[PDB]
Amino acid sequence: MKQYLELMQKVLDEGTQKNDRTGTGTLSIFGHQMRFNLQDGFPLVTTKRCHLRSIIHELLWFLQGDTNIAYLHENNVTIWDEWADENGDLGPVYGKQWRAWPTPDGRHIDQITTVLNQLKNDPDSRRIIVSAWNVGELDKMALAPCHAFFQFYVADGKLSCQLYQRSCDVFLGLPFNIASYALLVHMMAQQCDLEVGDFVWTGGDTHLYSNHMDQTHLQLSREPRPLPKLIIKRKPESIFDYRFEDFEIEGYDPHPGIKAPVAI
């Protein structure tokens, strides 16, 4: 995507060399923002093939409030493998915080249900937020959330969303993270009878790993292609009733996939 390839070139040209948690090393910038008008097309990177199978199941898993990777296994999804405990648990990561944020007094807040009701009853609200950054449970989480915080917004019948990503592996993570939240905006918009607006991506520590450089130079040599179109084939009874089969990406004609080793 044009904005994505501009970010990748900016990190190369302007990033500072950092040592990181993994010992791999990165080039890093701090603070970036991109905007995708979702009526221009679904923002799925075209300069390498990105597989949505795993994205979609993961988002459906988040929405079910699930943090045990069994559901992912049942669908041959392995991306949470490293971090699950001997019983297949990750602790209270995204799904738990989205669906059952615990109050200090033993109650719970369903942030997804709250946002749905805010969009349907108070669409002008400036407080339509889902946060995974539960400070009091970070220690129990298998991994600290990268997509920390997102906010919805309604203007002129269009639903927009902004994601704050505290830490962004530009090569391996960001294509999938953009697609996940773009998919969620379409789902939310459908359940609230809204049109789709913008997906705004904001990054904190935005980096390229030092062993992703050959892959980065290859990708930057490729020209982007027109964006595909997301079709939702069925309107479920609620945001919690979608199925993998409900989604079709029409007209996705990407360049070949690019493999690179993940920093553990």
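Quick note: we count residues from 1 along the sequence shown, nothing fancier.
Once the C-alpha B-factors are averaged per stretch, 220-228 and 29-37 rank with 220-228 first. Stretch comparison (203-211 versus 45-53) by mean CA B-factor in the PDB entry places 45-53 on top. Taking only the listed residues 137, 124, 169, 193, the entry reports the highest CA temperature factor at 193. Remark: of 153, 149, 94, 71, 71 shows the highest value [criterion: C-alpha B-factor in the PDB entry]. Annotation for residue 264: CA B-factor lies in the highest third of the chain's modelled residues.
When the modelled residues of the chain are ordered by their C-alpha B factor, residue 255 lands in the middle third. Per the deposited record, the Cα B-factor of residue 80 falls in the highest third when ranked against the other modelled residues of its chain. Per the deposited record, the Cα B-factor of residue 87 falls in the highest third when ranked against the other modelled residues of its chain. For residue 237, the recorded CA B-factor ranks within the highest third of the chain. Only modelled residues enter the ranking.
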